[PDB]
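> The following block contains the structure, expressed as structure tokens.
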Amino acid sequence: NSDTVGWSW
Amino acid sequence: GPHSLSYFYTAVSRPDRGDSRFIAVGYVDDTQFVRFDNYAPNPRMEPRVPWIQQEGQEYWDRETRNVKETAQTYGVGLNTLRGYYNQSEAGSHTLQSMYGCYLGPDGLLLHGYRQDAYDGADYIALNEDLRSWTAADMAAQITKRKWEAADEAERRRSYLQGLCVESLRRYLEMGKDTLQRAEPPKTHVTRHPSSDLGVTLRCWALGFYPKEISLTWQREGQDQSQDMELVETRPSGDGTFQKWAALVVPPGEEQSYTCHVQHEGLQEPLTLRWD
Amino acid sequence: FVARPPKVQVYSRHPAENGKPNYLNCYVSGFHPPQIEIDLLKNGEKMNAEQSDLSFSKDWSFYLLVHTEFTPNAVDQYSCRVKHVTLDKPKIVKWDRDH
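Chains as they are written, first to last, in the deposited numbering: chain C, 1 to 9; chain A, 1 to 275; chain B, 2 to 100.
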């Protein structure tokens, strides 16, 4: 299971 | 040693096509089991091994859905860092991500990691404490400040300590017959003519897994590391690995030399010879 | 801006026998940026091959495997040609059943 979408850079 | 689940993202801005290509691959130990490429219309998170196929439609739907949003975030990412570095929009750039979890002997998270790189150099990384960030340079600090303010850390920590180790355990069991059974190297020592005539001994280690292995040469115990040729461990194409080591020897004293092989698939170190 | 040249290894999956179905691998690694051209050649002419999904090592350098079916004999020559921004001219490595 990939990690959920991260925060904006 | 310990098992691990790892994901590798590679985003590349295409200043010629106007967007970015996003490629993501998944690994359990030395085994790729999933992949995603947005280069093709209607891209999906696809299986790479038999054991990952027993997953339901929902699993793929939600991985695809996840990596899709992620590809987009990396596209914006390339554009953002482009600004941070004051870079023209004329060249192409790469944003890489590397994260995963190492399962300890207990079956718990032993090691969690998440690192990013811009154009092949460290950009930002999550620390071993999974609580703070290390920024490589000034630009990276702009993200570090944004991520601290957003409390981005606790979300990476929770995934690493939770879903990541749980998935990994679930995978290790699903692919038990391959991921947990060791595949010892098949070995043999060949003999070939060489310069000045000229005989070279070559020790082959074939079709082994995992990747980690040790090939050494010994004449009477004295290590022969200095004047021996060792090649990088390479994939066989079927999921296993290859590697050899070679050294010139006097024609007539070949059996004086022994090849020493060590691998977690072998109960004990292997002693090899030209025979 | 630091570009890294590719390393190349041409080899077969199994020890080559003349007339035996095998697999020809070209392992390119340690390069950056990712853009690269990898061709497997048969007698200098390009073979139809497939290429692994881009991935990279702990040091961020990319690696790729290009591979295809081939049947070695005592006559046919094989090699791998690689083009990269770090290379003035294409890097060709001949295949050798011994290395």
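Think of the CB as a built atom: it goes at the ideal place given N, C-alpha and C, for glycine as much as any other residue.
1. So if DSSP puts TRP244(A) in a beta bridge, which residue, or which two residues, is it bridged to?
2. Taking a cut of 7 Å between CB atoms, which residues from the region 66-91 of chain A lie near chain C?
3. List the residues of chain B whose Cβ lies closer than 7 Å to the Cβ of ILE23(A), in chain order.
4. What span of residues does the alpha helix (DSSP H) with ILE142(A) cover, start to end?
5. Helix, strand or coil, according to DSSP, for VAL76(B) in the structure here?
6. Three-state secondary structure (DSSP) at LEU197(A)?
7. Considering only C-alpha positions, which residue in the set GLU232(A), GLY221(A), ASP227(A) is nearest to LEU206(A)?
8. Using the beta-carbon count (16 or more within 10 Å), is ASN86(A) buried or exposed?
9. Would you mind reading off the limits of the beta strand (DSSP E) that contains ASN23(B)?
10. I need the DSSP call for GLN222(A), collapsed to helix, strand or coil.
11. Find the nearest neighbour of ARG48(A) within the set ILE124(A), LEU201(A), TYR118(A), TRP60(A), judged by alpha-carbon distance.
12. What does a CB cutoff of less than 6 Å around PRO251(A) pick up in its chain, not counting 5 residues either side in sequence?
13. If we ignore side chains and look at the alpha-carbon of each, how far apart do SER6(A) and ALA24(A) end up?
14. On the three-state DSSP scale, how would you describe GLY100(A)?
15. For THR10(A), which residues in the same chain have their Cβ closer than 6 Å to its Cβ, ignoring the five residues on either side in sequence?
Here's the rundown:
1. Along the second sequence, read from residue 1 onward, the residue named residue 244(A) stands at position 244. Beta-bridge pairing by DSSP links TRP244(A) to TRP204(A).
2. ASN66, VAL67, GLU69, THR70, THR73, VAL76, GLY77, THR80, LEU81
3. Translated into the one-based positions of the second sequence, residue 23(A) becomes position 23. Within chain B, the residues near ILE23(A) are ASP54, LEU55.
4. Along the second sequence, one-based indexing puts residue 142(A) at 142. Residue range 138-150 is occupied by the alpha helix (DSSP H) that includes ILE142(A).
5. The count along the third sequence starts at 1 and reaches residue 76(B) at position 75. Residue state, collapsed to three classes: coil.
6. By one-based count along the second sequence, residue 197(A) stands at place 197. Correct three-state label for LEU197(A): helix.
7. Here residue 206(A) is taken as the residue at index 206 of the second sequence, counted from 1. Closest by alpha carbon: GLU232(A).
8. On the second sequence, position 86 is the one that residue 86(A) refers to. Exposed, since its Cβ has fewer than 16 Cβ neighbours within 10 Å.
9. For the purposes of this step, residue 23(B) is taken as the residue at position 22 of the third sequence. First-last of the beta strand (DSSP E) with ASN23(B): 23-32.
10. For the purposes of this step, residue 222(A) is identified with residue 222 of the second sequence, where counting begins at 1. It is a strand residue.
11. As a working note, residue 48(A) is residue 48 in the second sequence. Here the closest residue by C-alpha is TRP60(A).
12. Locating residue 251(A) in the second sequence gives position 251, where the first residue counts as 1. Answer for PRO251(A): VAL199, listed in chain order.
13. Position 6 of the second sequence, counted from the start, is the residue given in the question as residue 6(A). Position 24 of the second sequence, counted from the start, is the residue given in the question as residue 24(A). Going from the Cα of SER6(A) to the Cα of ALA24(A) covers about 11 Å.
14. Along the second sequence, read from residue 1 onward, the residue named residue 100(A) stands at position 100. Note: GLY100(A) maps to strand in three-state DSSP.
15. Mapped onto the second sequence, residue 10(A) falls at position 10. Excluding sequence neighbours, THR10(A) sits near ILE23, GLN96.
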